[PDB]
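A.B. asks: Provided herewith is a single structure, encoded as structure tokens, for subsequent inquiry.
Residue numbers (the deposited numbering): 32 to 91, 110 to 284, 309 to 393, 417 to 702, 721 to 1001, 1031 to 1124, 1135 to 1233.
Now the structure itself:
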């Protein structure tokens, strides 16, 4: 084992472990370890087991054409398929003498085949330089890509596959497919050939998984004989035609969907969603499918997903006069079950024609004894049925509630494209058995098709209810279409043909009907008898419920229609689907809640210790900022509240007497006893007057009661002016609801939290005449003090809607903002007095703004104070510019007339750099024109410093004539406007900004130009935003009022009105009309 020490030195499995094995070195007489023949087989189960290596074996010019030619055989097989074989892997030096022959002759015949297969079973050994070329021949592309992890120890360089462009002629087409073949005899060199292809996904692998070992194994021969080394230094027989079968199927996979698209959209039955269907039919990938079994699985999943109807029929796995009336009475058996109940059993539906021609015997035998039955039961458990042609005839006998003809079911056939309405046959020769009293169908899991249709039709129309197990769901309205059968394939597809839209207009996909009583098939008869026994008293329960609801309900206006609706439902028999008491109770609850609009109505079937208790119940603390946090965990007493008196008032109430702000924690209060609530409310209001809190209306007393505050309960009253806050959550009880309503109606608190559902002021459970059923209904109602309307019936609507966990922080923010309100008003008034267009008007605003303290003391929250302050400022000052918030073209017209238009403003410094540009841009085209037209109807706005530039550019050089005096309050002075040392008419509109019209204004004072258009927007100077100490207020203050005008009546607010009013779109057309005439 001296060779092994140097050749194989990979640390991934050695780390020098063989150095200990190297210590054996010669070891020529170590047979004592094991006898000669093995001890290599022992090492096969020894070191090789510890190595965990891919196998280890130790034992005890025409000339090149001739050798290679025997290694391959290429021919065109059926289906236009090429076969390739190889036993010696080529090398770089080989193609220097053999590559031309491979491409001239062998490769030419390969490209003429639609599919190619390569064989690697007989590959044993070869060089490494041959693999980059075989992939290059196979790879359609020309870009070099390297994806490989293999390294050779003597080369000391990692090897990655390279697709060289050295190939001669056209490469393999990307459209055609190839498959690799391998076996146990496949060599390592051929193993990585398939390994790269599988990762490339270009080809597919067939047959048994190969060894997957090292690509090459180093060989060495020393000693006398009997052993040559094969150390790895470099790190199912039927599959020949199996791929051909795959290729043949793959040859038809381009055509596997053409027929499927043809048969699917034949008619409207299955293509109700055809825009999605046809789109997805071409979306299936032919590379993913690799086998016939896999083809079935992928097509089935895709077909169900696109149609969104998985339960419907889908793709299926491929395939490899005496005797006459004697019979009439024999097929149909009728018995008088005790209790005057008719029993009917069916075995087969026969045919509609047979029943039509044998009707008189059939009716004379079955309906003559069945006419006297109070209730009828049908036992079709043992009835496959078969044809469904006679279904409408049987349904005609059961006329239903309405004797008039009515459609039962609508059927549409794909083959005929005919929609037929099945009206109730009213010419039957029978006694017309009525559905009154109920008919019950006993259905097993063997109803098959016709009986199952009859049962489903009975259930849908409501004329019957089903007792028994679920149905099989098998249906005969389905045709299996052939689809691509060849040799052993035999694929098959089944497609539904009938739609069978019911009376409700909902298509019945089929597959099984759920009965109203899931009971074992054997136990169906006793269950049906029990349902008979229960259904005899259905009317009594409904009548009792109606009478009770009339007797003890707070709102009679609801009862006036509730009684009628319940009676109408009972008369028709819509409750026949109830099988047990609980189901009937649930249905009654659903009906009452859905039509009465009330969700509270419900029906269902069957010393030191005092101090410790009160301290455990309450959580009293004074939060920072002088505000209380009294919490009512559970307080729903009647007289013990006034019984305890001082022992609790001194301990709890006397501590929070001087809080100056009180917060009630009603989030956790399941108390639902609105009995002594007004006593608690009387503390907050004024003692001397009798304040009407709310009025309660009692049905039993049948008149409206009034609730008044207690004149005197204790000497510690909270106080009227001091604020209050109430916190309500979704789990709040009934008492807290009443407290919140009575504080919100009188406008005493500010409810913060989330809406709470369920008032239930006072509920009392009453029992109907029958024991098992109890009714829970609100026997009380409260009317508001302000108006006679009842309460919201759904709970309070908090002014601030926040989750119950964050409610306390919101209350803290609210009280902080309320405390901050007066300072905000004071500083806003001071700022307005300081800066404004009119100093006297600003002083008046500041004086008057201080008188709105009372109105601002009840602000709901932030961002409403801002809007209400804006409204107050805008009503105080006629300027609508007081807002508050919270966090170049040139043309020449006809007749020698110039044109100008611009709507954006920039700073004088900004225009200084571009001042030179505009001289040769806007003035070059207008220097020669007789007249000018200027438009600013779409002006956006900007600073007023650019005014002087506009006047200076327009005016000719000379002594300054411009005169404008403007009071600048931030400057605390007045500034005069001076200019920098034909005809023109202004085009204005309402969209002109507040920075535009002053240009128009100064034009009309000097008389140089006239103005055409309509009224301006009444803007102002660009307001200077201001920041208040509160972060939520940005006050905008107009200033720099134009006062230098002799008249003293500013354009502000009112705007500028031109001489003649014209529309903005017509103003431009009207702009040049008079210019032409005045030059005409």
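Backbone N, C-alpha and C fix where the C-beta goes; we use that ideal spot for every residue, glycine too.
Closer than 8 Å is the cut-off here; do at least three beta carbon pairs connect the segment 647 to 662 with the segment 593 to 600?
C.D. replies: Contact between the segment 647 to 662 and the segment 593 to 600 is absent, because fewer than three Cβ pairs lie under 8 Å.
A.B. asks: For residue 837, write down the residues that DSSP places opposite it in a beta bridge.
C.D. replies: Its beta-bridge partners are 775.
A.B. asks: Just list the beta strand (DSSP E) runs in the segment 831 to 918, keeping only unbroken ones of 3 residues or longer that don't cross its boundaries, in chain order.
C.D. replies: Qualifying beta strand (DSSP E) stretches, in chain order: 837 to 842, 865 to 867, 877 to 881, 887 to 892 and 894 to 898.
A.B. asks: With 16 other CB atoms within 10 Å as the buried threshold, where does residue 871 fall?
C.D. replies: So residue 871 ends up on the exposed side.
A.B. asks: Could you say which of 918, 875, 343 and 1229 lies nearest to residue 907 if we only look at CA atoms?
C.D. replies: The shortest Cα separation from residue 907 among 918, 875, 343 and 1229 belongs to 875.
A.B. asks: Helix, strand or coil, according to DSSP, for residue 806 in the structure here?
C.D. replies: Strand at residue 806.
A.B. asks: Checking the sheet assignment: what are the DSSP bridge partners for residue 967?
C.D. replies: BP columns for residue 967 are empty, so no partner.
A.B. asks: Would residue 326 and residue 266 qualify as a contact pair, given that the criterion is a beta-carbon distance under 9 Å?
C.D. replies: The answer is no: Cβ separation not under 9 Å.
A.B. asks: Drop a sphere of 10 angstroms on the beta-carbon of residue 505, count the other beta-carbons inside from all chains shown, and report buried for 16 or more, exposed for fewer.
C.D. replies: Per the 10 Å Cβ criterion, buried.
A.B. asks: Would you mind sorting residue 234 into buried or exposed? The rule is 16 or more other CB atoms within 10 Å of its CB.
C.D. replies: Per the 10 Å Cβ criterion, exposed.
A.B. asks: Report yes if the CB atom of residue 438 is closer than 9 Å to the CB atom of residue 466, and no otherwise.
C.D. replies: Yes. Within cutoff.
A.B. asks: Compare the beta carbon distance of residue 1231 and residue 1136 with 9 Å and say whether it is the shorter of the two.
C.D. replies: Against a cut-off of 9 Å, the Cβ pair of residue 1136 and residue 1231 comes out as a contact.
A.B. asks: What does residue 393 pair with, by DSSP beta-bridge criteria?
C.D. replies: According to DSSP, which records beta bridges pairwise, residue 393 is partnered with nothing at all.
A.B. asks: If you follow the beta strand (DSSP E) that residue 505 is in, where does it begin and where does it stop?
C.D. replies: Unbroken beta strand (DSSP E) run through residue 505: 503 to 509.
A.B. asks: When the Cα atoms are used, what is the spatial distance from residue 632 to residue 463?
C.D. replies: Using only the alpha carbons, I get a separation of about 23 Å.
A.B. asks: How close, in whole Å, do the beta carbons of residue 175 and residue 138 come, if the pair is a contact with beta carbons under 8 Å?
C.D. replies: Going by Cβ atoms, the distance from residue 175 to residue 138 rounds to 3 Å, so yes, they are a contact pair.
A.B. asks: Can you tell me which residues form a DSSP beta bridge with residue 1111?
C.D. replies: Its beta-bridge partners are 1116.
A.B. asks: Flag this pair as touching only if the segment 514 to 521 and the segment 559 to 573 have three or more C-beta atom pairs under 8 Å; answer yes or no.
C.D. replies: Cβ pair count under 8 Å is below three, so no.
A.B. asks: When we look at the beta-carbon of residue 114 and count the other beta-carbons within 10 Å, is it buried (16 or more) or exposed?
C.D. replies: Residue 114 should be labelled exposed.
A.B. asks: Quick check: what's the CA-CA separation for residue 842 versus residue 982?
C.D. replies: Cα to Cα, the separation comes out at about 27 Å.
A.B. asks: Mapping the DSSP letters down to three states, classify residue 578 as helix, strand or coil.
C.D. replies: Strand.
A.B. asks: By the 10 Å Cβ neighbour count, where 16 or more other Cβ atoms means buried, how is residue 1114 classified, buried or exposed?
C.D. replies: By the 10 Å Cβ count, residue 1114 comes out exposed.
A.B. asks: Could you check if residue 864 is buried or exposed, using at least 16 other CB atoms within 10 Å of its CB as the buried criterion?
C.D. replies: It is buried - the Cβ of residue 864 has at least 16 other Cβ atoms within 10 Å.
A.B. asks: Taking the alpha carbon of residue 185 as the point to measure from, which residue in 1181, 599 and 152 has its own alpha carbon closest?
C.D. replies: When each option's Cα is compared against that of residue 185, the closest is 152.
A.B. asks: Rounding to the nearest angstrom, what Cα-Cα distance links residue 239 and residue 388 in this structure?
C.D. replies: Straight-line Cα distance between these residues: approximately 40 Å.
A.B. asks: Nearest to residue 507 by alpha carbon, out of 83, 549, 769 and 117?
C.D. replies: The candidate whose alpha carbon is nearest that of residue 507 is 549.
A.B. asks: How would you call residue 791, buried or exposed, if buried means at least 16 neighbouring beta carbons within 10 angstroms?
C.D. replies: So residue 791 counts as buried.
A.B. asks: Would you kindly work out how many angstroms separate the C-alpha atoms of residue 900 and residue 809, rounded to a whole number?
C.D. replies: Taking the straight line joining both Cα atoms gives about 10 Å.
A.B. asks: Within a Cβ cutoff of 7 Å, which residues of the same chain sit near residue 957, ignoring the five residues on either side of it in sequence?
C.D. replies: The answer, listed in chain order, is 947.
A.B. asks: Here's a check: name, in chain order, each residue in its chain whose Cβ is nearer than 6 Å to the Cβ of residue 1229, leaving out the five neighbours to either side.
C.D. replies: Hits under 6 Å: 1038.
A.B. asks: Between which two residues does the beta strand (DSSP E) holding residue 820 run?
C.D. replies: Unbroken beta strand (DSSP E) run through residue 820: 817 to 822.
A.B. asks: In three-state DSSP terms, what is residue 34?
C.D. replies: Note: residue 34 maps to coil in three-state DSSP.
A.B. asks: For the 8 Å Cβ check, are there 3 or more pairs between the segment 1137 to 1148 and the segment 1166 to 1184?
C.D. replies: Taking 8 Å as the limit for Cβ pairs, the verdict is that the segment 1166 to 1184 does touch the segment 1137 to 1148.
A.B. asks: DSSP on residue 194, reduced to helix/strand/coil?
C.D. replies: DSSP places residue 194 in coil when its eight states are reduced to three.
A.B. asks: Could you pull the start and end residues of the beta strand (DSSP E) that residue 1034 belongs to?
C.D. replies: Run containing residue 1034: 1032 to 1036, per the beta strand (DSSP E) assignment.
A.B. asks: Return the first residue and the last residue of the alpha helix (DSSP H) that residue 1044 is part of.
C.D. replies: Per DSSP, residue 1044 belongs to no alpha helix (DSSP H); it is in the beta strand (DSSP E), 1040 to 1044.
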